[PDB]
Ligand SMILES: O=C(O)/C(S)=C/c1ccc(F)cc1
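Next up is one chain by itself, shown in structure tokens, the form deposited without the ligand.
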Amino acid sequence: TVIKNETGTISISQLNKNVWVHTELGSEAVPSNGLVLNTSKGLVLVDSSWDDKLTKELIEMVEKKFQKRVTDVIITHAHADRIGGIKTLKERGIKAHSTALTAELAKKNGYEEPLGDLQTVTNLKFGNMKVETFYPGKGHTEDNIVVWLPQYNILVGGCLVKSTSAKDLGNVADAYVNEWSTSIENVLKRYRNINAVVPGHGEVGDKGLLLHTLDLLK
């Protein structure tokens, strides 16, 4: 099931019972994927959106939809599509989780600072919903992390993972192209039984998306 806005810029699609994928188009419309986790104690998002207007609109949508508060957001890296709505998060009392490095880079890029609480391996539980954040090393950016939902074996790769039709790695000015391969290998070694994989943008797939990205990096 999918739910969008009248303009069509914001869409939310259900993966399973309590897991949805939020997608926003940043204008040439450029999409960005994130997750919406419906828990017994509120809504949790994996990544915000391009800017504050889109992020606020996204939050307004899911809150109206599930009739609950978005309590936390996990930021996967310090770029606009991930941390663009940080000001909106902070003004609404939404906890913006991130690694210390992501917080450092957010500041450098002119964004308000996220919590910087996430360690290399951080397990978070919101109600019955379990979430694991993992820093696999440098790739798309120096700070990129992945998110794992152990109850569903769902992997949110962020921009470290490209979609099936993607033949372009995207912006590599802040990337560590050579190390990117080792980082993907660390994700593969850590999670031996992956089901669905959500790329930074594009359609949800499986472990084959990680192999595809390694192919592009060759």
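Here, rigid core means the biggest group of C-alpha atoms that superpose within 1.5 Å across both forms. For every residue, the number given is its place in the sequence shown, counted from 1.
Taking 151-159 and 164-172 in turn, the stretch whose Cα atoms are more displaced from the shown form in 6 other deposited structures of this protein following rigid core superposition is 164-172.
Taking the rigid core as the alignment reference, the C-alpha atoms of 106-114 lie farther on average from the displayed form in 6 other deposited structures of this protein than those of the other stretch among 106-114 and 130-138.
Across the other entries compared, none leave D51 without coordinates where the residues on each side are present, so it is far from a third. Missing-residue comparison: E63 falls in the unmodelled set for none of the other PDB entries checked, so it is not missing from a third of them. According to the record, the deposited sequence contains 1 to 3 residues between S27 and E28 that were left without coordinates. The stretch 30-38 shows the higher mean C-alpha B-factor when 30-38 is compared against 152-160 in the entry. With 52-60 and 180-188 compared on mean CA B-factor from the PDB entry, the stretch scoring higher is 52-60. Of the candidates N144, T71, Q119, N128, it is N128 whose Cα B-factor is highest according to the PDB record. Compared with the other modelled residues of the chain, the Cα B-factor recorded for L115 ranks in the middle third. Residue-level temperature factors show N109 in the highest third of its chain, judged at the C-alpha atom. Sorting the modelled residues of the chain by their CA temperature factor places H201 in the middle third. For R92, the recorded CA B-factor ranks within the middle third of the chain. Only modelled residues enter the ranking. Residue-level temperature factors show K17 in the highest third of its chain, judged at the C-alpha atom.
Another form, the form solved in complex with the ligand, is not on view; read the next lines as being about it.
In short, of 73-81, 96-104, 142-150, 121-129 it is 73-81 that has heavy atoms within 4.5 Å of the ligand in the deposited bound form.
At least one heavy atom of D174 is located within 4.5 Å of the ligand in the deposited bound form. For the chain shown alone, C159 is a contact residue for the ligand in the deposited bound form, at least one non-hydrogen atom being within 4.5 angstroms. Contact check for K207: no non-hydrogen atom falls within 4.5 Å of the ligand in the deposited bound form. In the deposited bound form, just one residue of 179-214 lies within 4.5 Å of the ligand by at least one heavy atom: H201.
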